[PDB]
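> To start, I am sharing the structure in question, which I have written as structure tokens.
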Amino acid sequence: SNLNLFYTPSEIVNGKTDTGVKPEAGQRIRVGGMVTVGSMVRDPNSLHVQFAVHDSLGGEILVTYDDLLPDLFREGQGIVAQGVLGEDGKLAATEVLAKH
């Protein structure tokens, strides 16, 4: 069907997404990890937003988002972010759930 599972950012860095060895771009997954407190950056366009999400394991992944985030993405918490592998490395996410 489609592997909409929750995967750690570290996973999708260490010889996976980053390196394009296992998950090819264009697939859906959900990254789930902790928001780097000072990595939420936004366009003045006010409709393009991107952020870095990592783990204690220190494998930071970059997520891109092309609409207004919900709670402006309150930083310094965990979140789960779903969409599609966009630019073969970057996740084009949109279904973010601040379930944390």
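The way I read the labels, and the way they are meant: chains A, B, ... in the order of the structure tokens, residue 1 as the first residue of every chain, and ligand 1 as the first ligand shown, with later ones counted on from there.
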Please give the complete set of residues from chain A that DSSP, run on the backbone, assigns to strand (DSSP E), formatted as a ChimeraX atom specification.

/A:6-7,28-35,41-42,49-54,61-65,78-85,91-97

> Can you pull out the residues contacting stretch 37-42 of chain A? Cut-off 6 Å, using only C-alpha atoms, and skip same-chain residues under 6 positions away; I want them as a ChimeraX atom specification.

/A:49-52,75-76

> Can I get the selected residues back with N, CA, C and O atoms, as an mmCIF file, in the first residue's frame?


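Saved result, selection_13.cif, follows:
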data_model
loop_
_atom_site.group_PDB
_atom_site.id
_atom_site.type_symbol
_atom_site.label_atom_id
_atom_site.label_comp_id
_atom_site.auth_asym_id
_atom_site.auth_seq_id
_atom_site.Cartn_x
_atom_site.Cartn_y
_atom_site.Cartn_z
ATOM 1 N N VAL A 49 8.155 27.109 4.712
ATOM 2 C CA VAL A 49 8.677 26.967 6.051
ATOM 3 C C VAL A 49 9.529 25.707 6.063
ATOM 4 O O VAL A 49 9.174 24.716 5.428
ATOM 5 N N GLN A 50 10.675 25.729 6.740
ATOM 6 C CA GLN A 50 11.502 24.542 6.833
ATOM 7 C C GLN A 50 12.169 24.492 8.197
ATOM 8 O O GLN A 50 12.340 25.519 8.856
ATOM 9 N N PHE A 51 12.510 23.285 8.632
ATOM 10 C CA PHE A 51 12.993 23.063 9.980
ATOM 11 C C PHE A 51 13.891 21.838 10.012
ATOM 12 O O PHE A 51 13.799 20.966 9.148
ATOM 13 N N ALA A 52 14.768 21.784 11.014
ATOM 14 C CA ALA A 52 15.645 20.655 11.249
ATOM 15 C C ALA A 52 15.079 19.838 12.408
ATOM 16 O O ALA A 52 14.685 20.410 13.428
ATOM 17 N N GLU A 75 8.738 25.176 18.767
ATOM 18 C CA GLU A 75 10.033 24.527 18.775
ATOM 19 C C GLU A 75 10.324 23.873 20.132
ATOM 20 O O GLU A 75 9.610 24.087 21.111
ATOM 21 N N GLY A 76 11.401 23.081 20.195
ATOM 22 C CA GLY A 76 11.881 22.495 21.439
ATOM 23 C C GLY A 76 10.885 21.499 22.035
ATOM 24 O O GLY A 76 10.615 21.525 23.233
#

> Excluding residue A:11 and its own-chain neighbours fewer than 3 positions away, which residues fall within 12 Å of it when counting only C-alpha atoms? Please give them as a list in words.

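In the requested form, the answer reads residues 6, 7, 8, 14, 15, 16, 17, 18, 19, 21, 22, 23, 29, 30, 31, 32, 33, 53, 54, 55, 57, 58, 59, 60 and 61 of chain A.
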
> I want to know what sits within 8 Å of residue A:84, based on only C-alpha atoms, with residues of the same chain fewer than 2 positions away left out; could you give that as a list in words?

residues 25, 26, 27, 28, 29, 82, 86, 91, 92 and 93 of chain A

> Taking N, CA and C atoms for each residue, export the selection above as a PDB file, in the first residue's frame.


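Output saved as out_1.pdb:
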ATOM      1  N   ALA A  25      13.864   8.678  -3.444  1.00  0.00           N
ATOM      2  CA  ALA A  25      13.008   9.848  -3.315  1.00  0.00           C
ATOM      3  C   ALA A  25      11.608   9.560  -3.888  1.00  0.00           C
ATOM      4  N   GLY A  26      10.600  10.351  -3.506  1.00  0.00           N
ATOM      5  CA  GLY A  26       9.241  10.229  -4.029  1.00  0.00           C
ATOM      6  C   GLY A  26       8.331   9.305  -3.212  1.00  0.00           C
ATOM      7  N   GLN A  27       8.835   8.687  -2.139  1.00  0.00           N
ATOM      8  CA  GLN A  27       8.071   7.776  -1.289  1.00  0.00           C
ATOM      9  C   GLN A  27       7.517   8.520  -0.075  1.00  0.00           C
ATOM     10  N   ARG A  28       6.348   8.105   0.432  1.00  0.00           N
ATOM     11  CA  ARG A  28       5.832   8.627   1.691  1.00  0.00           C
ATOM     12  C   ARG A  28       6.432   7.870   2.870  1.00  0.00           C
ATOM     13  N   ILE A  29       6.769   8.611   3.928  1.00  0.00           N
ATOM     14  CA  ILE A  29       7.101   8.098   5.254  1.00  0.00           C
ATOM     15  C   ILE A  29       6.662   9.178   6.244  1.00  0.00           C
ATOM     16  N   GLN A  82       4.699  13.978   8.386  1.00  0.00           N
ATOM     17  CA  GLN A  82       4.442  13.105   7.260  1.00  0.00           C
ATOM     18  C   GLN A  82       4.333  13.935   5.988  1.00  0.00           C
ATOM     19  N   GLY A  86      11.149  14.501  -0.936  1.00  0.00           N
ATOM     20  CA  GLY A  86      11.112  15.452  -2.030  1.00  0.00           C
ATOM     21  C   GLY A  86      12.479  15.493  -2.688  1.00  0.00           C
ATOM     22  N   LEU A  91      12.799  16.114   3.203  1.00  0.00           N
ATOM     23  CA  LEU A  91      11.449  15.594   3.295  1.00  0.00           C
ATOM     24  C   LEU A  91      10.504  16.745   2.977  1.00  0.00           C
ATOM     25  N   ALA A  92       9.638  16.605   1.977  1.00  0.00           N
ATOM     26  CA  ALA A  92       8.567  17.565   1.771  1.00  0.00           C
ATOM     27  C   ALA A  92       7.399  17.095   2.633  1.00  0.00           C
ATOM     28  N   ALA A  93       7.283  17.647   3.842  1.00  0.00           N
ATOM     29  CA  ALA A  93       6.275  17.262   4.815  1.00  0.00           C
ATOM     30  C   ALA A  93       5.115  18.251   4.802  1.00  0.00           C
TER      31      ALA A  93
END

> Which distance in Å separates atom CA of residue A:2 and atom CA of residue A:89, to one decimal?

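That distance, rounded to one decimal, is 19.0 Å.
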
> What's around residue A:69 at 9 Å? Count only C-alpha atoms, leave out sequence neighbours fewer than 5 positions away in its own chain, and write the answer as a list in words.

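My list of contacting residues is residues 47, 49, 94 and 96 of chain A.
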
> Go ahead and save the picked residues with N, CA, C and O atoms, as a compact mmCIF listing (two decimals), in the first residue's frame.


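The resulting part.txt:
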# COMPACT_ATOMS: atom_id res chain seq x y z
N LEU A 47 4.32 31.12 3.58
CA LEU A 47 3.72 29.93 2.98
C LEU A 47 4.78 28.88 2.60
O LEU A 47 4.46 27.87 1.97
N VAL A 49 8.15 27.11 4.71
CA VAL A 49 8.68 26.97 6.05
C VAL A 49 9.53 25.71 6.06
O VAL A 49 9.17 24.72 5.43
N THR A 94 3.93 17.78 5.19
CA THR A 94 2.75 18.62 5.34
C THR A 94 1.83 18.12 6.46
O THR A 94 1.34 18.92 7.27
N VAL A 96 1.97 17.32 9.55
CA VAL A 96 2.63 17.36 10.86
C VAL A 96 1.57 17.24 11.94
O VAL A 96 0.58 17.96 11.92

> If we count only C-alpha atoms and set the cut-off at 12 Å, which residues sit around residue A:56, ignoring sequence neighbours fewer than 5 positions away in its own chain? Please answer as a short mmCIF file (atom, residue, chain, number, x, y, z; two decimals) with N, CA and C atoms, in the first residue's frame.


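Below you can see around_2.cif, which holds the result:
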data_model
loop_
_atom_site.label_atom_id
_atom_site.label_comp_id
_atom_site.auth_asym_id
_atom_site.auth_seq_id
_atom_site.Cartn_x
_atom_site.Cartn_y
_atom_site.Cartn_z
N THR A 8 12.79 7.37 12.68
CA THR A 8 13.67 8.32 13.35
C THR A 8 14.52 9.08 12.33
N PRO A 9 14.79 10.38 12.52
CA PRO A 9 15.60 11.17 11.60
C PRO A 9 16.96 10.51 11.38
N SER A 10 17.62 10.09 12.46
CA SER A 10 18.88 9.36 12.44
C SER A 10 18.89 8.22 11.43
N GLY A 33 10.71 12.74 15.51
CA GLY A 33 11.94 13.11 16.19
C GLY A 33 11.76 14.42 16.94
N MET A 34 12.86 14.95 17.48
CA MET A 34 12.87 16.13 18.31
C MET A 34 13.33 17.35 17.52
N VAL A 35 12.58 18.44 17.69
CA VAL A 35 12.80 19.71 17.02
C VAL A 35 13.98 20.47 17.63
N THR A 36 15.02 20.74 16.84
CA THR A 36 16.10 21.64 17.22
C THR A 36 15.51 23.03 17.50
N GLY A 78 9.05 17.25 20.70
CA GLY A 78 9.01 16.23 19.67
C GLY A 78 7.80 16.47 18.79
#
